[PDB]
Student: 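One structure is given below, represented as structure tokens, and several questions about it will come after.
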2 protein chains.
Amino acid sequence: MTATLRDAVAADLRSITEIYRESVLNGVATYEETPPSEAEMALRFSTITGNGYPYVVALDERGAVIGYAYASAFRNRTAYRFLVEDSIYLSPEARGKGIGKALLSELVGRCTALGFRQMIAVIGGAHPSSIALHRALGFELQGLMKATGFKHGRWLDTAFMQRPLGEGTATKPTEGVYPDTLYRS
Amino acid sequence: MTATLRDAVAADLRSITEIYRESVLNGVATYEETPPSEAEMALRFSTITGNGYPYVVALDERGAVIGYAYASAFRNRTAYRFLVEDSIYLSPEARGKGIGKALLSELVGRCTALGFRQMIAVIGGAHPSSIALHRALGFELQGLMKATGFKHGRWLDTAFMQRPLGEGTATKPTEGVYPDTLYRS
Ligand SMILES: CC(=O)SCCNC(=O)CCNC(=O)[C@H](O)C(C)(C)COP(=O)(O)OP(=O)(O)OC[C@H]1O[C@@H](n2cnc3c(N)ncnc32)[C@H](O)[C@@H]1OP(=O)(O)O
């Protein structure tokens, strides 16, 4: 079924927190070890959305949140302001249903519309399903940082992939409008 | 001539701040746009050194600070705790004298002794001179993230390089001794 997506709101916090918790504990998509609290997750949500970045949820047929995705800074230094990084997390039972691709497509589309110019994915563990998802939406593998993570008793590689957004490098950004207005002080 | 290095102390912050300011304003090694104040640099120094990472200066023949370098996290998430990233800043007068090599040698050696297992360099602008410095110290180019920075009116590439440290990926780290103790909670 075509996925059901909408922007995240505060009321989605429990589901977001629990989905992320499961990934923290069981996976290598995230290199965090201790699940954040809901209050920490709330700070992160407020920070991401306060910077104008998209933060979306996927819903099941009853309207319940079953996955989420957001864009944020790669690094919040000024010169990186036209670059975003994607993060995508689905609850286990929502996997294998095309929802990851819907979420990534949504982040790509939103960030293009908003005026960003490049997107990077930092793929924990170089997880093959995650690489495949990104490749299908036009990301290219840029490097493999070997044995950079250590989790679940093993060394992990970290893959870096990139996709241009919109005009990419072909034009200069529009001065004085979002996202050129990010990280200026 | 052999470089004169020592660990940084609080009394070096004024000089460190001035060196970094020149880099912020005139270079693309750093993607920061506004020079930090000495107070801000001092907080950064406190944080880096509070995490046990090495922070060093290079001196001229009279003892004045003419460059500095430190290791710190690539990202401060648990699974990255055995990975460090190097940062090196030379005043204009310190360039072309083997001082970058000495600083990087010190970071590599220190982080090897401390028990880190990989070092990454994230090279702003992909400047060939910085790439070559790192290559000379055994780093290999891992990828080039194109048009990821925008500074001084230009799209900038960002190069990623990596060197193993010590045992690298060949052994599991010893539990409960630094740097296994970083970022745990
Ligand atoms: C930069 C990034 O954010 S990369 C994504 C990082 N996030 C995660 O890894 C979180 C956990 N995984 C997920 O959220 C998703 O599976 C994604 C985002 C990686 C991919 O989106 P999906 O819509 O599942 O796409 P797709 O069907 O192609 O995924 C196949 C993966 O889901 C697993 N899967 C499929 N159906 C199920 C199910 N019912 N229960 C549990 N797992 C399932 C598959 O086994 C496979 O994972 P594997 O390669 O480890 O075996």
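Note that ligands are numbered from 1 as they come in the structure, with each ligand's atoms numbered from 1 the same way. Both backbone and side-chain heavy atoms feed into the values below; hydrogens, waters and symmetry mates do not. Proteins get letters first, then strands, A, B, ... in listed order; numbering begins at 1 in each.
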Student: Is a donor on one side and an acceptor on the other found under 3.5 Å between the side chain of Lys151(A) and the backbone of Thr30(A)?
Tutor: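 Side chain of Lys151(A) to backbone of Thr30(A): a pair is present.
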
Student: Check the angle between the aromatic planes of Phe74(A) and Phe74(B) and answer parallel, tilted or perpendicular using the 30° and 60° thresholds.
Tutor: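 Tilted: the ring planes of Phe74(A) and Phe74(B) meet at 30° to 60°.
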
Student: Do the two ring centres, one from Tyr70(B) and one from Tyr53(B), sit under 6.0 Å apart?
Tutor: no

Student: What pair of heavy atoms forms the shortest contact from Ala71(B) to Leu107(B), and how long is it?
Tutor: N-CD2, 3.8 Å

Student: Which atom names give the shortest non-hydrogen contact between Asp157(B) and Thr148(B), and what distance separates them?
Tutor: C-OG1, 4.2 Å

Student: Kindly indicate, with the supporting measurements, whether the criterion ring pair (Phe, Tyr, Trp, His ring centres under 6.0 Å) is fulfilled by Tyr80(A) and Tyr183(A).
Tutor: CA-CA 9 Å; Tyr80(A) 287 124; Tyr183(A) 313 131; 9.6 Å; no

Student: At less than 3.5 Å, what protein N or O atoms come close to the N or O atoms of ligand 1? Include the distances to 0.1 Å.
Tutor:
residue, atom, partner, partner atom, Å
ligand 1, 3 (O), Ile88(A), N, 2.9
ligand 1, 7 (N), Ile88(A), O, 2.8
ligand 1, 14 (O), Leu90(A), N, 2.8
ligand 1, 23 (O), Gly100(A), N, 2.8
ligand 1, 24 (O), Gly96(A), N, 3.0
ligand 1, 27 (O), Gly96(A), N, 3.2
ligand 1, 36 (N), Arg95(A), O, 3.0
ligand 1, 40 (N), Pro92(A), O, 2.8
ligand 1, 49 (O), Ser129(A), OG, 2.5
ligand 1, 50 (O), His127(A), NE2, 2.9

